[PDB]
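Q: This is query33.cif (mmCIF, C-alpha atoms (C1' of nucleotides)).
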```cif
data_data
#
loop_
_atom_site.label_atom_id
_atom_site.label_comp_id
_atom_site.auth_asym_id
_atom_site.auth_seq_id
_atom_site.Cartn_x
_atom_site.Cartn_y
_atom_site.Cartn_z
CA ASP A 665 0.00 0.00 0.00
CA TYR A 666 2.50 2.62 1.29
CA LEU A 667 5.14 1.50 -1.27
CA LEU A 668 2.66 2.21 -4.14
CA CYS A 669 1.85 5.58 -2.45
CA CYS A 670 5.73 6.31 -2.33
CA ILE A 671 6.36 5.29 -6.02
CA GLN A 672 3.26 7.32 -7.17
CA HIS A 673 4.30 10.51 -5.30
CA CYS A 674 8.07 10.19 -6.36
CA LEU A 675 6.77 9.55 -9.93
CA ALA A 676 4.57 12.74 -9.95
CA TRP A 677 7.65 14.69 -8.56
CA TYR A 678 9.93 13.16 -11.32
CA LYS A 679 7.48 14.16 -14.13
CA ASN A 680 6.93 17.71 -12.70
CA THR A 681 10.38 19.22 -11.78
CA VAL A 682 13.21 16.87 -13.03
CA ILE A 683 12.09 16.19 -16.69
CA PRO A 684 11.84 19.98 -17.53
CA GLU A 696 15.74 7.48 -18.43
CA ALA A 697 14.33 3.88 -19.17
CA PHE A 698 13.26 2.95 -15.53
CA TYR A 699 10.45 5.64 -15.22
CA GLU A 700 9.10 5.05 -18.82
CA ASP A 701 8.83 1.36 -17.68
CA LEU A 702 7.20 2.30 -14.26
CA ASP A 703 4.42 4.38 -15.97
CA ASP A 704 3.40 1.20 -17.90
CA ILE A 705 3.99 -1.03 -14.78
CA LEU A 706 1.25 1.00 -13.02
CA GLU A 707 -1.02 1.10 -16.16
CA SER A 708 -0.83 -2.72 -16.30
CA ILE A 709 -1.36 -3.00 -12.47
CA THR A 710 -4.49 -0.86 -12.92
CA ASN A 711 -5.93 -2.76 -15.93
CA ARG A 712 -5.49 -6.23 -14.23
CA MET A 713 -6.63 -4.87 -10.77
CA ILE A 714 -9.78 -3.51 -12.53
CA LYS A 715 -10.99 -7.11 -13.37
CA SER A 716 -9.84 -8.91 -10.14
CA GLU A 717 -13.10 -9.45 -8.14
CA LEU A 718 -11.88 -10.76 -4.71
CA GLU A 719 -12.21 -14.52 -5.71
CA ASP A 720 -8.57 -13.93 -6.94
CA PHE A 721 -7.77 -12.66 -3.37
CA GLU A 722 -10.20 -15.21 -1.68
CA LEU A 723 -12.65 -12.68 -0.04
CA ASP A 724 -16.33 -12.33 1.22
CA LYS A 725 -17.39 -16.03 0.56
CA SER A 726 -14.16 -18.16 1.05
CA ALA A 727 -13.30 -15.78 3.99
CA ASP A 728 -15.61 -14.00 6.53
CA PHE A 729 -12.59 -11.95 7.93
CA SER A 730 -13.06 -13.52 11.44
CA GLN A 731 -10.34 -11.79 13.54
CA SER A 732 -9.74 -14.93 15.79
CA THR A 733 -8.85 -17.38 12.89
CA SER A 734 -5.38 -17.17 11.14
CA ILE A 735 -7.29 -17.02 7.73
CA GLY A 736 -9.68 -14.11 8.69
CA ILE A 737 -6.71 -12.12 10.22
CA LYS A 738 -4.59 -12.77 7.01
CA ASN A 739 -7.71 -11.63 4.94
CA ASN A 740 -7.90 -8.46 7.19
CA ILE A 741 -4.11 -7.75 6.43
CA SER A 742 -4.32 -8.30 2.59
CA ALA A 743 -7.73 -6.41 2.45
CA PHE A 744 -6.16 -3.22 4.01
CA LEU A 745 -3.16 -3.64 1.55
CA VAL A 746 -5.55 -3.64 -1.49
CA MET A 747 -7.72 -0.75 -0.06
CA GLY A 748 -4.50 1.36 0.14
CA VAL A 749 -3.33 -0.03 -3.22
CA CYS A 750 -6.71 1.02 -4.86
CA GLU A 751 -6.30 4.51 -3.34
CA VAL A 752 -2.65 5.03 -4.62
CA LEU A 753 -3.94 4.04 -8.11
CA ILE A 754 -6.89 6.56 -7.78
CA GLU A 755 -3.99 9.03 -7.35
CA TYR A 756 -1.94 7.56 -10.21
CA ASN A 757 -4.95 7.61 -12.68
CA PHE A 758 -6.01 11.22 -11.86
CA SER A 759 -2.34 12.57 -11.80
CA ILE A 760 -0.94 11.54 -15.26
CA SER A 761 -3.88 12.53 -17.53
CA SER A 762 -5.50 16.00 -17.93
CA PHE A 763 -9.13 14.81 -17.25
CA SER A 764 -9.48 11.62 -19.39
CA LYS A 765 -13.04 10.03 -19.09
CA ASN A 766 -11.52 6.50 -19.48
CA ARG A 767 -9.13 7.16 -16.50
CA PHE A 768 -11.94 8.77 -14.36
CA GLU A 769 -13.91 5.50 -15.01
CA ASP A 770 -10.58 3.74 -13.89
CA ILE A 771 -10.74 5.90 -10.66
CA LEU A 772 -14.44 4.98 -10.18
CA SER A 773 -13.57 1.22 -10.60
CA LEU A 774 -10.65 1.40 -8.06
CA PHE A 775 -13.07 3.10 -5.58
CA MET A 776 -15.75 0.42 -6.47
CA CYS A 777 -13.21 -2.25 -5.27
CA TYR A 778 -12.23 -0.12 -2.20
CA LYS A 779 -15.98 0.72 -1.52
CA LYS A 780 -16.91 -3.01 -1.85
CA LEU A 781 -14.16 -3.77 0.82
CA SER A 782 -15.54 -0.68 2.79
CA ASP A 783 -19.22 -1.93 2.95
CA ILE A 784 -17.97 -5.60 3.50
CA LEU A 785 -15.82 -4.51 6.53
CA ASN A 786 -18.91 -2.35 7.66
CA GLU A 787 -21.12 -5.55 7.51
CA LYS A 788 -18.49 -7.42 9.67
CA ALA A 789 -18.08 -4.35 12.02
CA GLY A 790 -21.94 -4.25 12.47
CA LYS A 791 -21.94 -7.50 14.62
CA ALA A 792 -19.14 -6.96 17.25
CA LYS A 793 -18.43 -3.64 19.15
CA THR A 794 -16.92 -0.69 17.03
CA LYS A 795 -13.32 -1.15 18.44
CA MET A 796 -11.88 -1.93 14.89
CA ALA A 797 -10.10 1.47 14.36
CA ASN A 798 -7.78 -0.42 11.86
CA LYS A 799 -10.55 0.28 9.18
CA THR A 800 -10.39 4.00 10.35
CA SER A 801 -6.59 3.97 9.52
CA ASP A 802 -5.55 7.13 7.55
CA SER A 803 -5.52 7.27 3.73
CA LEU A 804 -1.98 7.34 2.19
CA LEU A 805 -2.81 10.38 -0.05
CA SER A 806 -0.75 13.67 0.28
CA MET A 807 -3.14 16.46 1.56
CA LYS A 808 -2.10 18.13 -1.73
CA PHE A 809 -4.33 15.43 -3.40
CA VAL A 810 -7.40 15.81 -1.11
CA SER A 811 -7.22 19.58 -1.92
CA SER A 812 -6.74 19.28 -5.75
CA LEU A 813 -9.49 16.52 -5.94
CA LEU A 814 -11.92 18.67 -3.93
CA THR A 815 -10.85 21.81 -5.90
CA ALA A 816 -12.10 20.17 -9.16
CA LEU A 817 -15.09 18.32 -7.59
CA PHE A 818 -16.72 21.48 -6.13
CA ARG A 819 -14.93 24.42 -8.02
CA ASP A 820 -14.64 23.52 -11.79
CA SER A 821 -17.18 24.91 -14.38
CA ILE A 822 -14.67 24.22 -17.28
CA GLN A 823 -16.73 22.24 -19.89
CA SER A 824 -13.54 20.42 -21.24
CA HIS A 825 -13.18 18.80 -17.75
CA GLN A 826 -16.97 18.80 -16.88
CA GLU A 827 -18.03 15.55 -18.74
CA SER A 828 -15.15 13.52 -17.03
CA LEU A 829 -15.88 15.02 -13.49
CA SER A 830 -19.71 14.24 -13.83
CA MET B 415 -0.87 -32.97 -10.73
CA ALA B 416 -0.32 -30.78 -7.58
CA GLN B 417 2.55 -28.85 -9.37
CA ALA B 418 0.41 -28.68 -12.59
CA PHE B 419 -2.73 -27.09 -10.89
CA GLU B 420 -0.57 -24.80 -8.63
CA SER B 421 0.94 -23.28 -11.86
CA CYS B 422 -2.32 -24.20 -13.80
CA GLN B 423 -0.23 -25.76 -16.65
CA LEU B 424 -1.69 -28.53 -18.93
CA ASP B 425 1.72 -30.08 -20.09
CA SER B 426 2.43 -32.05 -16.84
CA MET B 427 -1.39 -32.77 -16.55
CA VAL B 428 -1.36 -34.40 -20.09
CA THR B 429 1.82 -36.38 -19.08
CA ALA B 430 0.21 -37.66 -15.79
CA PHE B 431 -3.13 -38.51 -17.62
CA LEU B 432 -1.43 -40.58 -20.42
CA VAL B 433 0.84 -42.22 -17.71
CA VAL B 434 -2.19 -43.46 -15.62
CA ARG B 435 -4.00 -44.48 -18.90
CA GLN B 436 -1.05 -46.76 -19.99
CA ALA B 437 -0.78 -47.96 -16.30
CA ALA B 438 -4.47 -49.11 -16.62
CA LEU B 439 -3.83 -51.25 -19.79
CA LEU B 446 -10.34 -49.51 -14.21
CA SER B 447 -7.18 -47.85 -12.65
CA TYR B 448 -7.93 -44.59 -14.61
CA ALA B 449 -11.39 -44.46 -12.86
CA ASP B 450 -9.73 -45.33 -9.45
CA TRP B 451 -7.23 -42.42 -9.85
CA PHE B 452 -10.13 -40.13 -11.19
CA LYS B 453 -12.31 -40.81 -8.06
CA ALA B 454 -9.10 -40.34 -5.94
CA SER B 455 -8.80 -36.89 -7.67
CA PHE B 456 -12.58 -36.22 -6.99
CA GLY B 457 -11.79 -36.80 -3.23
CA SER B 458 -9.96 -33.66 -1.90
CA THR B 459 -7.97 -32.92 -5.17
CA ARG B 460 -10.70 -32.04 -7.84
CA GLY B 461 -12.96 -29.98 -5.44
CA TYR B 462 -9.96 -27.53 -5.26
CA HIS B 463 -7.29 -28.23 -7.99
CA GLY B 464 -6.30 -24.54 -7.51
CA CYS B 465 -7.67 -22.10 -4.84
CA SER B 466 -9.16 -20.28 -7.92
CA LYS B 467 -11.97 -22.26 -9.74
CA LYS B 468 -10.33 -21.50 -13.19
CA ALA B 469 -8.24 -24.73 -12.54
CA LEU B 470 -11.64 -26.47 -13.39
CA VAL B 471 -11.80 -24.38 -16.64
CA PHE B 472 -8.21 -25.54 -17.69
CA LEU B 473 -9.14 -29.18 -16.76
"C1'" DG C 1 -35.24 -7.43 22.58
"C1'" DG C 2 -30.38 -5.73 21.24
"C1'" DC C 3 -27.25 -1.56 19.73
"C1'" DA C 4 -25.56 2.45 20.89
"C1'" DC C 5 -24.16 7.59 23.34
"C1'" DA C 6 -24.19 10.07 27.69
"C1'" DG C 7 -23.92 10.31 32.53
"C1'" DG C 8 -22.22 9.83 36.66
"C1'" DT C 9 -18.82 7.21 39.75
"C1'" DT C 10 -14.71 5.46 41.53
"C1'" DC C 11 -10.19 6.13 41.24
"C1'" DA C 12 -5.52 7.73 41.62
"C1'" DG C 13 -2.50 10.98 42.37
"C1'" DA C 14 -0.70 16.08 42.16
"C1'" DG C 15 -0.13 19.57 44.52
"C1'" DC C 16 -1.13 23.12 47.91
"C1'" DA C 17 -4.62 24.61 52.59
"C1'" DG C 18 -4.08 24.66 56.96
"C1'" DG C 19 -3.29 22.27 62.09
"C1'" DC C 20 0.33 21.67 65.15
"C1'" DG C 21 6.02 21.83 67.52
"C1'" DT C 22 9.58 25.59 69.37
"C1'" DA D 1 4.29 33.76 65.20
"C1'" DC D 2 7.64 30.70 61.49
"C1'" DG D 3 8.74 25.75 60.10
"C1'" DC D 4 6.79 20.54 58.95
"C1'" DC D 5 3.74 17.33 58.10
"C1'" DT D 6 -0.49 15.64 56.63
"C1'" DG D 7 -4.79 15.25 54.32
"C1'" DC D 8 -8.17 17.48 51.55
"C1'" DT D 9 -9.66 19.35 47.09
"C1'" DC D 10 -9.37 19.45 42.35
"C1'" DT D 11 -8.78 17.19 37.83
"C1'" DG D 12 -9.18 14.41 34.50
"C1'" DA D 13 -9.34 9.17 33.00
"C1'" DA D 14 -11.57 5.14 32.38
"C1'" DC D 15 -15.55 2.03 33.64
"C1'" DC D 16 -19.56 0.42 33.04
"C1'" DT D 17 -24.07 1.09 33.56
"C1'" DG D 18 -28.46 3.37 32.30
"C1'" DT D 19 -31.91 4.47 29.06
"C1'" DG D 20 -33.63 5.82 24.33
"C1'" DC D 21 -34.46 4.05 19.55
"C1'" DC D 22 -35.59 0.88 15.84
#
```
Would you write the structure of this file as structure tokens?

A:
Amino acid sequence: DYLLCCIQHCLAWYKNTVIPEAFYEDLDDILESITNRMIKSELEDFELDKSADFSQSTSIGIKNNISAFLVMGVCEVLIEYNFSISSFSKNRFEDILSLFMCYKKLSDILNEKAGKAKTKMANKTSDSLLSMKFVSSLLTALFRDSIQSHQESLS
Amino acid sequence: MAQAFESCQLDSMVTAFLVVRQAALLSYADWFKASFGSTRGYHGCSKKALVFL
DNA sequence: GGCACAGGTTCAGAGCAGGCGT
DNA sequence: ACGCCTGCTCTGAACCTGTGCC
């Protein structure tokens, strides 16, 4: 999770200030691939919701709870990657939606399993890995953009 | 067969199948029902091992 | 009937109000 | 009336109950 966050943020830095030489051109495509294959991996590839019920006593449910938080963070760093590269591409905003759809499916699943026991699981209320930078620039464009060239992709 | 469905490769599967078939000449059916018991229910953890089979 | 927020309660100790030797 | 010791008052922390809602 954090490693993807690190690579993403270093990557954005590298594009922005350094460029104005094979490793980064590779890494762009690494992430693009990781996105495209993560898009169509529906938790039976990661053994979740049916093969696991994330029971925090069992070694399997605890391992599910570890890998689940990894992928939630992973999805988020890719939300960042997707948005960052492209100047408002409606394909890549659908990519962002799909990463969130995976994260949000893990969200409402872990809400179902947190609805039975007491609300002591503050591991689900662990911080996002996003630079505040991001939360600003996302919210900027979500609430304060009337630019019609962006507007179809932000809808 | 374990190696073959861990990697989900048909080459070693085909080898094992033809091996048991020539070993028969109903030992094929014996080995098949042995597979059906706690091998063929989960060849791989993913149920695409069934699709390759 | 269970699921959840708010209240008050017991604690546990810091740190100073004041009774008591010369 | 000044020095010495103690015990009381405040302060917040954590505990678990107590009651309202669906």

Q: Step by step, work through what the PyMOL selection byres ((chain A) within 10 of (chain B)) selects in the shown file, and finish by giving those residues as a list in words.

A: residues 719, 720, 721, 722 and 726 of chain A

Q: How far is it from atom CA of residue 473 of chain B to atom CA of residue 424 of chain B, in Å with one decimal?

A: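 Calculated distance between atom CA of residue 473 of chain B and atom CA of residue 424 of chain B is 7.8 Å.
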
Q: Please list as a ChimeraX atom specification every residue within 12 Å of residue 10 of chain C, counting all atoms listed in the file and excluding residues in the same chain fewer than 5 positions away.

A: /D:13-16

Q: One number please: atom CA of residue 764 of chain A to atom CA of residue 673 of chain A, in Å, one decimal.

A: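 Answer for the atom CA of residue 764 of chain A to atom CA of residue 673 of chain A separation: 19.7 Å.
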
Q: To one decimal place in Å, what is the distance between atom CA of residue 749 of chain A and atom CA of residue 828 of chain A?

A: 22.7 Å

Q: Skip segment 449-462 of chain B itself and residues of its chain fewer than 4 positions away, then list as a VMD selection string all residues within 12 Å of it, counting all atoms listed in the file.

A: chain B and resid 415 to 416 418 to 420 422 430 to 431 433 to 435 437 to 438 466 to 471 473

Q: Could you take the residues named above and write them with C-alpha atoms, as a compact mmCIF listing (two decimals), in the frame of the given file?

A:
```
# COMPACT_ATOMS: atom_id res chain seq x y z
CA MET B 415 -0.87 -32.97 -10.73
CA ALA B 416 -0.32 -30.78 -7.58
CA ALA B 418 0.41 -28.68 -12.59
CA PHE B 419 -2.73 -27.09 -10.89
CA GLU B 420 -0.57 -24.80 -8.63
CA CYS B 422 -2.32 -24.20 -13.80
CA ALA B 430 0.21 -37.66 -15.79
CA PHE B 431 -3.13 -38.51 -17.62
CA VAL B 433 0.84 -42.22 -17.71
CA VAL B 434 -2.19 -43.46 -15.62
CA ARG B 435 -4.00 -44.48 -18.90
CA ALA B 437 -0.78 -47.96 -16.30
CA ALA B 438 -4.47 -49.11 -16.62
CA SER B 466 -9.16 -20.28 -7.92
CA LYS B 467 -11.97 -22.26 -9.74
CA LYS B 468 -10.33 -21.50 -13.19
CA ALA B 469 -8.24 -24.73 -12.54
CA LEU B 470 -11.64 -26.47 -13.39
CA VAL B 471 -11.80 -24.38 -16.64
CA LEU B 473 -9.14 -29.18 -16.76
```

Q: May I have a table of the residues of chain C lying at most 12 Å from chain A, giving each one's closest pair of atoms and their distance in Å to one decimal, counting only C-alpha atoms (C1' of nucleotides), ordered by chain and ascending residue number, as a Markdown table?

A:
```
| residue | atom | partner | partner_atom | distance |
| --- | --- | --- | --- | --- |
| C:2 | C1' | A:791 | CA | 10.9 |
| C:3 | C1' | A:793 | CA | 9.1 |
| C:4 | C1' | A:793 | CA | 9.5 |
```

Q: Run the PyMOL selection byres ((chain C and resi 19-21) around 9) against the file shown and list the residues it catches, as a list in words.

A: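 What the PyMOL selection byres ((chain C and resi 19-21) around 9) grabs from the file is residues 18 and 22 of chain C; 3, 4 and 5 of chain D.
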
Q: Go ahead and write the residues just picked, C-alpha atoms (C1' of nucleotides), as an mmCIF file, in the frame of the given file.

A:
```cif
data_model
loop_
_atom_site.group_PDB
_atom_site.id
_atom_site.type_symbol
_atom_site.label_atom_id
_atom_site.label_comp_id
_atom_site.auth_asym_id
_atom_site.auth_seq_id
_atom_site.Cartn_x
_atom_site.Cartn_y
_atom_site.Cartn_z
ATOM 1 C "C1'" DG C 18 -4.080 24.660 56.960
ATOM 2 C "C1'" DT C 22 9.580 25.590 69.370
ATOM 3 C "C1'" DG D 3 8.740 25.750 60.100
ATOM 4 C "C1'" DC D 4 6.790 20.540 58.950
ATOM 5 C "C1'" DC D 5 3.740 17.330 58.100
#
```

Q: Report the residues retrieved by the PyMOL selection byres ((chain C and resi 5) around 12) from the displayed file, expressed as a list in words.

A: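 This file gives the following for the PyMOL selection byres ((chain C and resi 5) around 12): residues 3, 4, 6 and 7 of chain C; 18, 19, 20 and 21 of chain D.
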
Q: When you count all atoms listed in the file, which of these residues is closest to residue 671 of chain A: A:771, A:796, A:746, A:705?

A: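 That would be A:705, the residue with the smallest distance to residue 671 of chain A.
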
Q: If you count all atoms listed in the file, which residues fall within 12 Å of residue 816 of chain A, apart from same-chain ones fewer than 2 positions away, as a count of residues only?

A: 20

Q: Could you write out as JSON the box around segment 7-12 of chain D (axis-aligned, all atoms listed in the file, 3 Å on each side), with centre and edge lengths in Å to one decimal?

A:
```
{"center_x": -7.2, "center_y": 16.9, "center_z": 44.4, "size_x": 10.9, "size_y": 11.0, "size_z": 25.8}
```

Q: Dig up all the protein and nucleic acid residues within 7 Å of (-7.1, 16.0, 43.3) in the file frame, using only C-alpha atoms (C1' of nucleotides), and format them as a PyMOL selection string.

A: (chain C and resi 13-14) or (chain D and resi 9-11)

Q: Export chain C from the structure block above, keeping C-alpha atoms (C1' of nucleotides), as an mmCIF file, in the first residue's frame.

A:
```
data_model
loop_
_atom_site.group_PDB
_atom_site.id
_atom_site.type_symbol
_atom_site.label_atom_id
_atom_site.label_comp_id
_atom_site.auth_asym_id
_atom_site.auth_seq_id
_atom_site.Cartn_x
_atom_site.Cartn_y
_atom_site.Cartn_z
ATOM 1 C "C1'" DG C 1 -35.238 -7.426 22.582
ATOM 2 C "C1'" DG C 2 -30.382 -5.732 21.236
ATOM 3 C "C1'" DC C 3 -27.255 -1.559 19.734
ATOM 4 C "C1'" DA C 4 -25.561 2.454 20.887
ATOM 5 C "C1'" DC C 5 -24.160 7.589 23.344
ATOM 6 C "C1'" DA C 6 -24.187 10.073 27.687
ATOM 7 C "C1'" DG C 7 -23.916 10.308 32.529
ATOM 8 C "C1'" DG C 8 -22.218 9.829 36.655
ATOM 9 C "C1'" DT C 9 -18.822 7.210 39.753
ATOM 10 C "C1'" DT C 10 -14.707 5.457 41.527
ATOM 11 C "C1'" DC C 11 -10.190 6.130 41.245
ATOM 12 C "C1'" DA C 12 -5.515 7.731 41.617
ATOM 13 C "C1'" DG C 13 -2.500 10.980 42.369
ATOM 14 C "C1'" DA C 14 -0.698 16.081 42.159
ATOM 15 C "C1'" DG C 15 -0.125 19.573 44.516
ATOM 16 C "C1'" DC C 16 -1.127 23.122 47.910
ATOM 17 C "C1'" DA C 17 -4.622 24.612 52.593
ATOM 18 C "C1'" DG C 18 -4.077 24.656 56.962
ATOM 19 C "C1'" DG C 19 -3.294 22.267 62.085
ATOM 20 C "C1'" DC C 20 0.335 21.671 65.151
ATOM 21 C "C1'" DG C 21 6.019 21.833 67.523
ATOM 22 C "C1'" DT C 22 9.575 25.590 69.369
#
```
